[PDB]
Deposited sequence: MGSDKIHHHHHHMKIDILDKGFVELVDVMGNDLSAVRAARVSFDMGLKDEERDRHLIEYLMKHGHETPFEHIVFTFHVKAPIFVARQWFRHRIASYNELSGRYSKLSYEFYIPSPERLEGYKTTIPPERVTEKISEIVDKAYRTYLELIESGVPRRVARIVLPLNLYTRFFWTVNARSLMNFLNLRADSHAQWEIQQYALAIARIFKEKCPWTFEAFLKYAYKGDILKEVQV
């Protein structure tokens, strides 16, 4: 019931979550068996001192639709669990990330922004037409797809604990990461903030090393 559209056809969707701020408090105290302000104080204490292991007992599963070039950076985060859509279990669709002209406003190019978009669209169509021609002629899908561009969309499930999510955000929710992964990072951050507000607030306050979460 929480879904954020990203880019032209992408999204981040929350699938499941185990626990909440109090799950890191329980883990830190090692107690299954109310005081809101002392609980927050502890969450703040854990964050400013680098006792990050309690945040490992807060887990999220997201469903992400993202271009391959985004997914390749994302998948470098080893301390998480990934499953990528494979034709073997469910149907594949072929969709592509076409940047908006606004996205290239910033840079001062020889060719109008809209012409850049159009050239990217053109390649997508030619590459996808060639892929289909190869399929129809008997080249297996696994071989034919190597002509498709890096802006082809993929989907995956990503299960990650809050600790690893904070590291993800430190590296990706930053103005040095490419813009496409920043947008996904912002969405990940919003969901995390909704489910674990005290942890998120303590994170921004003490640990967060980036910039874009302190603006937008």
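- Absence of C-alpha coordinates is noted for several segments of the deposited sequence, namely 1-11, 45-47, 231-232.
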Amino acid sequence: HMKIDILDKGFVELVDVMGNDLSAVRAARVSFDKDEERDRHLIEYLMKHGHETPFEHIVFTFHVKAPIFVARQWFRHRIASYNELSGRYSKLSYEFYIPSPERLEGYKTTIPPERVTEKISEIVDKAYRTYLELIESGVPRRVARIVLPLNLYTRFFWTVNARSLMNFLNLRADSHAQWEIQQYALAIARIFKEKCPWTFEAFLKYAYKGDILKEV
From here on, numbers count along this sequence of modelled residues.
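- Here 155-163 and 175-183 are compared by their mean Cα B-factor, and 175-183 comes out higher.
- Taking only CA atoms, the mean B-factor in the PDB entry is higher for 45-53 than for the other of 45-53 and 58-66.
- Note on the listed residues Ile146, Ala80, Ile98, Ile111: the highest Cα temperature factor in the record is that of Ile111.
- Among the modelled residues of the chain, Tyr89 sits in the highest third by CA temperature factor in this PDB entry.
- Ranked against the other modelled residues of its chain, the C-alpha B-factor of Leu104 as given in the entry falls in the highest third.
- Per the PDB record, residue ranking by Cα B-factor puts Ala71 in the lowest third of the chain.
- When the modelled residues of the chain are ordered by their C-alpha B factor, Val15 lands in the lowest third.
- Ranked by Cα temperature factor within the chain, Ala24 sits in the lowest third according to the deposited record.
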